[PDB]
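Have a look at the structure below, then the notes.
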Amino acid sequence: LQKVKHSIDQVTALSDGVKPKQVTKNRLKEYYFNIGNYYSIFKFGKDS
Amino acid sequence: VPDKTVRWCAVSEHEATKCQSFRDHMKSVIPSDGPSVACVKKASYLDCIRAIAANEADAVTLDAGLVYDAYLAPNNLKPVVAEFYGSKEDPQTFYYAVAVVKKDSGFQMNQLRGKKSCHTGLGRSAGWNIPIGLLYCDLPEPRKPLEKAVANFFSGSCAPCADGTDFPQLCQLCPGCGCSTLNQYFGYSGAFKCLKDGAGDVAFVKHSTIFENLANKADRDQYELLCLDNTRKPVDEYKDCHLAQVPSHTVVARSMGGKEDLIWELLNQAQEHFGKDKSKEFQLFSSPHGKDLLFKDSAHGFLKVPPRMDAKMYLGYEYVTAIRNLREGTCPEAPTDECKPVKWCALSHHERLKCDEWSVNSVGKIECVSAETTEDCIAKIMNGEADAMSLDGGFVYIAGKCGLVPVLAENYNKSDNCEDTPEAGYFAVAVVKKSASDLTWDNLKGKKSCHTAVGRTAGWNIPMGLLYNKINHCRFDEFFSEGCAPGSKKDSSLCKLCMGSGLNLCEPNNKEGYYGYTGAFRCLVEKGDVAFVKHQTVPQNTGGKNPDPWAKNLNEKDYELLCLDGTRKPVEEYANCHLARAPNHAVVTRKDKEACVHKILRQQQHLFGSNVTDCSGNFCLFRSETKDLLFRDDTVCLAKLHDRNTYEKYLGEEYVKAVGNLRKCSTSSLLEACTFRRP
Amino acid sequence: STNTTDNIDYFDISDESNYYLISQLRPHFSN
Ligand SMILES: *[C@@H]1O[C@H](CO)[C@@H](O)[C@H](O)[C@H]1NC(C)=O
Ligand SMILES: [Fe+3]
Ligand SMILES: [Fe+3]
């Protein structure tokens with residue numbers, strides 16, 4: 001339950017949000033990899 | 001908030017590029033649960049030290065001489081990861097400091113006056129402390145402040161980080177002293193460029209600096225480096241023309257908040273993937289837009305600084321004393337006519353009573369400084385806050401590894417000339433009772449075993465070194481069922497058989513009743529099956545020799561000692577049945593106060609030795625209140641050690657081998673920290 | 001009345017580096 005609440009807190013914390021029209025390719029990879037892992041924490045959290 | 005970042009200090013933006021590349025490349029091969037790097041840009045090294053102190057950043061890399069400026073309060077910074085300089089096969093930790101000069105320039109070391117000099121920093125190890133410390137005492141008065149007299153000594157120079165406002169001669173060859181890579185002559189390569197451009201007559205660097213900046217063998221055949229013996233030698237051989245050896249650069253961190261396990265967790269996964277051509281894309285130890293950024297370009301690996309080792313034990317004692325005398329400005333003359341009073345060391349508030357009574361009954365020649373374990377008082381000798389100790393041979397091996405020497409060695413045999421006679425030693429035995437006749441040295445599985453304390457000769461090293469070759473594994477808490485051995489880990493059964501209450505269980509000192517020889521005999525009488533003591537324990541506690549009642553009631557004949565083959569031989573006949581012959585105890589001290597502790601204890605012996613009768617109502621240094629405190633109670637005289645003053649020579653070959661078969665099983669942290677030094 | 005437990009699968013173990021957690025629900029990893 002702690003990992004679920006931390007995941008929701010970080011994602012909604014990113015929904016303020018910083019708005020670039022353009023980013024670097026490795027920055028974009030860091031983004032999709034990043035909040036993709038937050039989906040992995042949340043969807044892994046619900047059934048547990 | 002990512003909640004697990006290691007902040008890092010960069011000295012310029014020109015290093016902050018390297019921090020950003022190390023951050024993005026180190027983001028990949030660590031998973032998302034692991035730690036990550038963040039970058040903090042501070043202007044100078046000292047502002048980063050204040051930054052880590054005020055909890056902004058967490059780590060930086062500093063030299064050996066700047067850790068001394070990093071642990072002084074209110075900073076309190078400790079080295080946590082040290083780096084290595086040799087090859088991967090034989091890792092070196094020390095490195096050399098040398099003085100490189102132009103060819104045919106016509107200086108030896110003693111004409112070195114008024115010539116423009118290229119330093120690498122103010123307080124860095126290989127560039128300031130060894131050059132100024134070598135040529136230091138030829139300077140005229142006033143020595144303090146050091147920079148005024150060095151500033152009048154060299155006819156202009158460049159030493160970065162020195163205050164150019166109060167001292168213009170230090171910042172003369174450089175335009176302004178800047179503490180970053182923006183100053184074009186900072187660092188090892190910068191001081192060598194201060195030699196190469198022709199403005200400097202001498203440049204003080206390490207040995208690999210001339211190798212790294214040049215790629216031509218003939219150009220290295222031009223430049224030379226000058227020695228201690230007033231000779232010039234070529235730069236290919238720095239083993240013979242080096243000024244001094246210094247410890248490595250370290251990543252400093254905080255002492256309380258840390259966090260050290262994330263620094264080691266980060267860099268340990270960093271040097272594997274990124275160390276030496278391990279990735280072609282990113283380099284940890286090389287950079288395109290500069291050299292020596294965040295690390296050295298001569299480093300090859302990182303090993304952990306042990307947790308016992310603090311700052312002063314990292315730098316050593318010789319180097320801490322040289323930097324401290326170079327700051328305060330003393331330059332001692334030292335002819336040995338009168339000696340200072342010896343600061344003795346004593347543990348745990350009974351030895352403070354007997355020590356202080358001895359401090360008053362002397363003239364004033366023996367003082368007392370306390371400790372709570374013996375392992376801590378050995379470190380307190382190594383720092384300098386105490387001088388002597390009386391240790392048994394197992395801790396004489398530890399303090400021998402750490403750099404102390406034995407001076408006087410306790411005798412036990414009464415004679416009309418015992419200051420001369422070298423005794424062979426005393427025999428270790430194990431003592432069992434007449435109630436149990438099924439016990440046998442071959443049959444020790446699941447029996448309770450009382451011990452003197454961890455690390456001692458007759459209680460731990462000699463018996464468990466013999467039990468180790470049978471049981472073939474390091475854990476002894478699983479072989480015996482229970483047993484009383486103090487000083488071991490609080491989790492073990494070996495801890496929870498002992499009696500010292502409360503919270504003083506397994507504390508290796510006289511807080512417990514069960515500590516010592518006689519306390520091992522107490523747990524043998526009360527709750528144990530076998531105890532490991534000296535051979536003289538049962539006669540000293542047999543038959544009303546102890547007025548304390550549990551030993552007042554006891555007798556000799558019921559307790560009989562056991563051989564190692566499995567038979568019974570009487571306590572009266574100890575020579576034909578013993579575990580091993582362990583050496584007698586010894587007084588240890590540092591190598592400089594050897595003659596003084598020798599002299600003061602020889603004179604101080606004859607007043608308060610065994611010749612003095614009427615002990616109650618007077619002072620008897622060798623007797624005590626049966627707890628065997630500050631000295632072994634059946635000493636006769638402190639024997640002289642001549643021709644044999646080294647732990648190797650004094651302890652003998654069989655005992656050094658007998659401890660060496662147990663050295664992989666040892667868990668004492670101070671031995672690990674002392675053996676960290678060796679490459 | 002119920003005196004026994006039927007489902008036991010709440011046991012889980014993590015790696016020594018604690019990087020990954022295994023579970024006994026499918027798909028047995030978060031990844
Ligand atoms: C013991 O003390 C007496 C009196 O102080 C002294 O004369 C004697 O020399 C001492 N014994 C030794 C062995 O020095
Ligand atoms: Fe250095
Ligand atoms: Fe002993």
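A note on labels: chains of the structure tokens are A, B, ... as shown, every chain counts residues from 1, and ligands are counted from 1 in their shown order.
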Quick one: DSSP helix (DSSP H, G or I) residues in stretch 142-178 of chain B, as a VMD selection string? chain B and resid 146 to 153
Grab the residues selected above and save them as a PDB file, in the first residue's frame with C-alpha atoms.
```
ATOM      1  CA  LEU B 146      54.111  29.815   7.048  1.00  0.00           C
ATOM      2  CA  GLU B 147      53.129  31.583   3.844  1.00  0.00           C
ATOM      3  CA  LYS B 148      54.946  34.780   4.809  1.00  0.00           C
ATOM      4  CA  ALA B 149      58.298  33.029   5.191  1.00  0.00           C
ATOM      5  CA  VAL B 150      57.818  30.750   2.183  1.00  0.00           C
ATOM      6  CA  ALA B 151      56.693  33.894   0.363  1.00  0.00           C
ATOM      7  CA  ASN B 152      59.999  35.534   1.284  1.00  0.00           C
ATOM      8  CA  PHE B 153      61.818  32.280   0.523  1.00  0.00           C
TER       9      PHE B 153
END
```
Could you give me, as a PyMOL selection string, every polymer residue with an atom at most 9 Å away from an atom of ligand 1, counting only C-alpha atoms and all ligand atoms? chain B and resi 416-419+605-612+637
Residues of chain C within 9 Å of chain A, counting only C-alpha atoms - could you list those as a ChimeraX atom specification? /C:10,23,25,27,29-31
Now that the selection is made, can you save its residues with C-alpha atoms as an mmCIF file, in the first residue's frame?
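Dumped to out26.cif:
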```cif
data_model
loop_
_atom_site.group_PDB
_atom_site.id
_atom_site.type_symbol
_atom_site.label_atom_id
_atom_site.label_comp_id
_atom_site.auth_asym_id
_atom_site.auth_seq_id
_atom_site.Cartn_x
_atom_site.Cartn_y
_atom_site.Cartn_z
ATOM 1 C CA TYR C 10 0.998 -14.354 0.642
ATOM 2 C CA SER C 23 5.008 -12.519 -5.759
ATOM 3 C CA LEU C 25 0.160 -13.914 -7.953
ATOM 4 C CA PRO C 27 2.554 -12.503 -13.571
ATOM 5 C CA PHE C 29 6.949 -9.827 -11.334
ATOM 6 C CA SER C 30 6.126 -6.155 -11.723
ATOM 7 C CA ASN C 31 7.977 -5.794 -15.005
#
```
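The residues of chain B lying at most 10 Å from chain C, with only C-alpha atoms taken into account, are residues 30, 31, 32, 33, 34 and 265 of chain B.
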Please produce a file of those selected residues containing N, CA, C and O atoms, as a CSV table (one decimal), in the first residue's frame.
```csv
chain,number,residue,atom,x,y,z
B,30,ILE,N,22.0,0.8,-13.5
B,30,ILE,CA,21.3,0.6,-12.2
B,30,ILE,C,19.8,0.5,-12.4
B,30,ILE,O,19.3,1.3,-13.3
B,31,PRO,N,19.1,-0.4,-11.8
B,31,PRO,CA,17.6,-0.3,-11.9
B,31,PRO,C,17.0,0.9,-11.2
B,31,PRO,O,17.7,1.7,-10.6
B,32,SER,N,15.7,1.0,-11.3
B,32,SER,CA,15.1,2.2,-10.8
B,32,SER,C,14.9,2.2,-9.2
B,32,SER,O,14.8,3.2,-8.6
B,33,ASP,N,15.0,1.0,-8.6
B,33,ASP,CA,15.0,0.9,-7.2
B,33,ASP,C,16.3,1.4,-6.6
B,33,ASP,O,16.4,1.8,-5.4
B,34,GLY,N,17.4,1.2,-7.3
B,34,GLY,CA,18.7,1.6,-6.8
B,34,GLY,C,19.0,3.1,-6.8
B,34,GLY,O,18.1,3.9,-7.1
B,265,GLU,N,27.6,1.6,-2.9
B,265,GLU,CA,26.7,0.9,-3.8
B,265,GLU,C,26.8,1.5,-5.2
B,265,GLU,O,26.7,0.8,-6.2
```
Could you please select, counting only C-alpha atoms, the residues of chain A within 10 Å of chain B and state them as a list in words?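 Listed by rising number, the hits are residues 9, 10, 13, 26, 27, 30, 33, 34 and 37 of chain A.
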Test item: residues at most 6 Å from stretch 420-431 of chain B, only C-alpha atoms, excluding those fewer than 4 positions along its chain, as an NGL selection string: :B and (458 or 530-535 or 561 or 578-584)
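A distance search around ligand 3 (8 Å at most, only C-alpha atoms and all ligand atoms) returns the following protein and nucleic acid residues: residues 391, 392, 393, 456, 457, 458, 459, 517, 534, 584 and 585 of chain B.
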Residues up to 6 Å from ligand 2, counting only C-alpha atoms and all ligand atoms: could you list those as a count of residues only? 3
In Å to one decimal, how far is atom CA of residue B:60 from atom CA of residue B:190? 20.4 Å
Going by DSSP on the backbone, which bits of stretch 133-380 of chain B are strand (DSSP E or B)? Write them as a ChimeraX atom specification, please. /B:157-158,171,202-206,224-226,232-234,244-246,250-254,301-304,342-347,366-371
For atom CA of residue B:309 and atom CA of residue B:66, the interatomic separation in Å (one decimal): 16.8 Å
Contact residues around residue B:409 with only C-alpha atoms at 6 Å, ignoring same-chain residues under 6 positions, as a list in words: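 Listed by chain and then number, they are residues 586, 638 and 639 of chain B.
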Shell of 12 Å around residue B:112, only C-alpha atoms, local chain residues under 3 positions omitted, as a PyMOL selection string: chain B and resi 99+101+105-109+115-117+131-132+134-136+138-139+150+153-155+201-203+226+230
Selected residues, C-alpha atoms, written as a PDB file, in the first residue's frame, please.
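selection12.pdb, written as the output of this step:
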```pdb
ATOM      1  CA  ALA B  99      59.919  17.200  -7.570  1.00  0.00           C
ATOM      2  CA  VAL B 101      62.819  20.169 -12.734  1.00  0.00           C
ATOM      3  CA  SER B 105      68.984  23.951 -14.613  1.00  0.00           C
ATOM      4  CA  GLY B 106      71.740  23.502 -12.058  1.00  0.00           C
ATOM      5  CA  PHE B 107      69.857  23.095  -8.770  1.00  0.00           C
ATOM      6  CA  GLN B 108      70.186  20.414  -6.207  1.00  0.00           C
ATOM      7  CA  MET B 109      67.858  20.229  -3.222  1.00  0.00           C
ATOM      8  CA  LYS B 115      63.735  30.227  -7.549  1.00  0.00           C
ATOM      9  CA  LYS B 116      60.251  30.347  -9.010  1.00  0.00           C
ATOM     10  CA  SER B 117      58.274  27.356  -7.801  1.00  0.00           C
ATOM     11  CA  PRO B 131      58.043  20.036  -0.121  1.00  0.00           C
ATOM     12  CA  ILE B 132      57.498  22.656   2.599  1.00  0.00           C
ATOM     13  CA  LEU B 134      61.262  18.953   3.861  1.00  0.00           C
ATOM     14  CA  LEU B 135      62.809  22.411   3.405  1.00  0.00           C
ATOM     15  CA  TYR B 136      60.881  23.809   6.365  1.00  0.00           C
ATOM     16  CA  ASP B 138      65.951  26.118   7.182  1.00  0.00           C
ATOM     17  CA  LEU B 139      63.622  29.121   7.129  1.00  0.00           C
ATOM     18  CA  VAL B 150      57.818  30.750   2.183  1.00  0.00           C
ATOM     19  CA  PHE B 153      61.818  32.280   0.523  1.00  0.00           C
ATOM     20  CA  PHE B 154      60.840  31.742  -3.123  1.00  0.00           C
ATOM     21  CA  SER B 155      61.169  34.761  -5.418  1.00  0.00           C
ATOM     22  CA  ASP B 201      62.168  26.439 -12.029  1.00  0.00           C
ATOM     23  CA  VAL B 202      60.760  23.556  -9.945  1.00  0.00           C
ATOM     24  CA  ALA B 203      57.345  21.872  -9.936  1.00  0.00           C
ATOM     25  CA  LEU B 226      65.871  15.765  -7.974  1.00  0.00           C
ATOM     26  CA  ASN B 230      71.460  16.049  -3.636  1.00  0.00           C
TER      27      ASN B 230
END
```
In Å, with one decimal, what is the gap from atom CA of residue B:654 to atom CA of residue B:674?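 Interatomic distance here is 22.4 Å.
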Contacts of stretch 483-486 of chain B at 9 Å (only C-alpha atoms; same-chain gap of 6+ positions) as a ChimeraX atom specification: /B:447-454,459-460,477,493-499,505-509,512,514-515,520,523,527-531
Residues just named, written with N, CA, C and O atoms as a compact mmCIF listing (two decimals), in the first residue's frame:
```
# COMPACT_ATOMS: atom_id res chain seq x y z
N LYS B 447 28.81 -29.06 24.00
CA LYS B 447 29.15 -28.85 25.40
C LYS B 447 29.42 -27.37 25.64
O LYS B 447 29.84 -26.66 24.73
N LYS B 448 29.16 -26.91 26.87
CA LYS B 448 29.35 -25.50 27.19
C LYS B 448 30.82 -25.21 27.46
O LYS B 448 31.48 -25.94 28.20
N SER B 449 31.34 -24.14 26.87
CA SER B 449 32.76 -23.82 26.94
C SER B 449 32.97 -22.39 27.39
O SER B 449 32.62 -21.45 26.67
N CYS B 450 33.59 -22.22 28.55
CA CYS B 450 33.93 -20.91 29.09
C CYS B 450 35.27 -20.44 28.54
O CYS B 450 36.19 -21.23 28.38
N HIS B 451 35.36 -19.14 28.27
CA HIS B 451 36.54 -18.55 27.67
C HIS B 451 36.92 -17.30 28.44
O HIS B 451 36.08 -16.68 29.09
N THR B 452 38.21 -16.95 28.37
CA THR B 452 38.67 -15.70 28.97
C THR B 452 38.04 -14.49 28.28
O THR B 452 37.19 -13.82 28.87
N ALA B 453 38.41 -14.24 27.02
CA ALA B 453 37.76 -13.28 26.13
C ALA B 453 38.29 -13.47 24.72
O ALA B 453 39.30 -14.13 24.50
N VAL B 454 37.59 -12.84 23.78
CA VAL B 454 37.86 -12.99 22.35
C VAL B 454 39.18 -12.33 22.00
O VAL B 454 39.41 -11.16 22.32
N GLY B 459 42.51 -18.31 25.90
CA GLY B 459 41.07 -18.43 25.94
C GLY B 459 40.44 -18.58 24.57
O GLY B 459 39.40 -19.24 24.44
N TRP B 460 41.01 -17.95 23.56
CA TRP B 460 40.44 -18.05 22.23
C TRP B 460 41.40 -18.57 21.18
O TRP B 460 41.05 -19.49 20.44
N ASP B 477 29.89 -20.81 17.27
CA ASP B 477 28.64 -20.73 18.01
C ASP B 477 27.71 -21.90 17.68
O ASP B 477 26.69 -22.10 18.35
N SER B 493 24.98 -17.49 21.06
CA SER B 493 24.79 -18.25 22.30
C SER B 493 25.97 -18.03 23.23
O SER B 493 25.80 -17.95 24.47
N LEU B 494 27.16 -17.87 22.63
CA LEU B 494 28.38 -17.52 23.34
C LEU B 494 28.23 -16.22 24.12
O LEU B 494 28.92 -16.00 25.12
N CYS B 495 27.33 -15.34 23.67
CA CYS B 495 27.06 -14.15 24.44
C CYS B 495 26.07 -14.43 25.56
O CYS B 495 26.19 -13.88 26.66
N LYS B 496 25.08 -15.28 25.31
CA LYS B 496 23.94 -15.31 26.23
C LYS B 496 24.12 -16.35 27.33
O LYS B 496 23.20 -16.56 28.13
N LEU B 497 25.28 -17.01 27.39
CA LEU B 497 25.52 -17.81 28.59
C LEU B 497 26.11 -16.98 29.73
O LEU B 497 25.99 -17.36 30.90
N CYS B 498 26.71 -15.82 29.43
CA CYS B 498 27.44 -15.05 30.44
C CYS B 498 26.48 -14.28 31.35
O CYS B 498 25.26 -14.34 31.18
N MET B 499 27.03 -13.56 32.34
CA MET B 499 26.20 -13.17 33.49
C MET B 499 26.12 -11.66 33.68
O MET B 499 25.33 -11.19 34.51
N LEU B 505 26.34 -7.48 29.19
CA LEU B 505 26.64 -8.84 28.77
C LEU B 505 27.58 -8.81 27.57
O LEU B 505 27.41 -7.99 26.67
N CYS B 506 28.59 -9.68 27.60
CA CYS B 506 29.66 -9.82 26.60
C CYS B 506 30.48 -8.54 26.45
O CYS B 506 30.95 -8.25 25.35
N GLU B 507 30.65 -7.78 27.52
CA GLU B 507 31.48 -6.60 27.42
C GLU B 507 32.87 -6.93 27.93
O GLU B 507 33.05 -7.24 29.11
N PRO B 508 33.88 -6.90 27.07
CA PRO B 508 35.18 -7.46 27.44
C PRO B 508 35.97 -6.57 28.38
O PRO B 508 36.97 -5.97 27.98
N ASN B 509 35.58 -6.57 29.66
CA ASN B 509 36.21 -5.81 30.72
C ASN B 509 35.62 -6.25 32.05
O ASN B 509 34.74 -7.10 32.08
N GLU B 512 31.61 -7.34 33.60
CA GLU B 512 31.15 -8.69 33.82
C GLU B 512 31.92 -9.34 34.96
O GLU B 512 33.09 -9.02 35.18
N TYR B 514 32.31 -12.56 34.68
CA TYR B 514 32.91 -13.72 34.02
C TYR B 514 34.12 -13.37 33.17
O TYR B 514 34.74 -14.26 32.58
N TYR B 515 34.50 -12.09 33.11
CA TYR B 515 35.66 -11.70 32.32
C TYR B 515 36.95 -12.04 33.06
O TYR B 515 37.02 -11.98 34.29
N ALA B 520 36.22 -16.80 34.02
CA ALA B 520 36.02 -18.05 33.29
C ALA B 520 35.97 -19.23 34.25
O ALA B 520 35.22 -20.19 34.04
N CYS B 523 32.34 -19.13 35.69
CA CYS B 523 31.31 -19.78 34.90
C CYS B 523 31.57 -21.28 34.77
O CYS B 523 30.64 -22.06 34.53
N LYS B 527 28.13 -22.65 35.92
CA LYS B 527 27.19 -23.10 34.90
C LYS B 527 27.82 -23.82 33.71
O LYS B 527 27.07 -24.27 32.84
N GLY B 528 29.13 -23.96 33.64
CA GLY B 528 29.74 -24.46 32.42
C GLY B 528 30.22 -25.90 32.51
O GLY B 528 30.11 -26.53 33.55
N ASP B 529 30.74 -26.42 31.39
CA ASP B 529 31.30 -27.76 31.41
C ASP B 529 32.82 -27.73 31.34
O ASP B 529 33.50 -28.44 32.09
N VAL B 530 33.38 -26.91 30.45
CA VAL B 530 34.82 -26.79 30.28
C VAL B 530 35.17 -25.30 30.25
O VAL B 530 34.36 -24.48 29.80
N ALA B 531 36.32 -24.95 30.80
CA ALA B 531 36.84 -23.60 30.70
C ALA B 531 38.27 -23.68 30.18
O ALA B 531 38.98 -24.66 30.42
```
Using only C-alpha atoms, the residue out of B:278, B:245, B:370, B:588 with shortest distance to residue B:382 is B:588
Find the residues near residue A:11: any atom within 8 Å, counting only C-alpha atoms, skip ones fewer than 3 places away on the same chain, and give them as a ChimeraX atom specification. /A:7-8,14-15,35,38
Next, write the just-selected residues to a file, as a tab-separated table (two decimals), in the first residue's frame, keeping C-alpha atoms as the atom set.
```tsv
chain	number	residue	atom	x	y	z
A	7	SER	CA	3.39	5.85	-7.16
A	8	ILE	CA	0.17	7.89	-7.31
A	14	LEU	CA	4.19	15.20	-12.48
A	15	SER	CA	0.74	16.37	-13.63
A	35	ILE	CA	6.37	6.61	-15.63
A	38	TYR	CA	5.09	3.69	-12.16
```
